[PDB]
């Protein structure tokens, strides 16, 4: 019978966040939304203590949580069991983009509204995917290692060092992030750009890439839709995952699909870790069939023993692994965007106007409100 609770789970930044106000996505700085939440008579409970269910600080504040705020880089998994003891939950907001860590179906069954700050990090992840591509293709790991450990073995680096130019790049998903990856690839003079999704790209999108290809490289018709998944990964040197975890996309990048790729190919996954068969990825990196890079993991924070943390090609420890901890969507520039985004969503809710941006809505009124989840 207390005040209504806003329960927010973010990662902790300690003294770093206390001295860097731009680290808004931290428990310390609370996205800057404390004044607003208290202006409207709500109790703001912010915590980084999100696991051991059901003993966490997060779990213990579920019974009076009206609004739940999470963040994908350090995500409180809002499962059916947890939704079942949050009886007055009305709204879930993701501080960022990516809401697979909710049980969206159980939330619909309760009429729960689910919002994201769609578009706050689309450019940031696209930069991360391009960086990953460049790091793997050009063998930055061994090139940096040679400089770090005092030697000068040019041939060890160059033996696995390829240009981006004249490679074939394929993307599973040409949405906001996927398409933005294609855009930044054009000036690298690819041999061909492939894409695979359930609907064909718009025309002016195909025309924009072809126009860019013509201006930069004098090449035309560089983009092409492949409709068979095995056919897409067979033709490509580099495949990026830029689609969502939507149930039948569970584990789609499995042992068989990896086997259909050329030996020495590259897999980038800044989308969702669970799109892959995680051990099949590790097997294929450690065998040298592929190199792998990305920042999303199947379980976050990732276990110490997670096989992706020690994957490498046979050539050496610094060959073929460009993993990072989940950071692309939470650069300082991105954090400013989605902190302001969470503030606008809460303002609309508190003022009881609910004039949300429609692209921000993931679930509402008991139904999905987007193709990005299901």
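Residue numbers count along the first chain shown, from 1.
- For the pair 210 to 218 and 127 to 135, the mean Cα B-factor is higher in 210 to 218.
- Between the stretches 301 to 309 and 330 to 338, it is 301 to 309 that shows the larger average CA temperature factor.
- Per the PDB record, 178 has a higher Cα B-factor than any other of 178, 75, 264, 143.
- Each of 170, 155, 291, 104 has a CA temperature factor in the record; the biggest one is found at 104.
- For residue 320, the recorded CA temperature factor ranks within the middle third of the chain's modelled residues.
- Ranked by C-alpha B-factor against the other modelled residues of its chain, residue 49 falls in the middle third.
- In the deposited entry, the Cα temperature factor of residue 314 places it in the middle third of its chain's modelled residues.
- The PDB entry assigns residue 257 a C-alpha temperature factor belonging to the highest third of its chain's modelled residues.
- Compared with the other modelled residues of the chain, the Cα B-factor recorded for residue 59 ranks in the lowest third.
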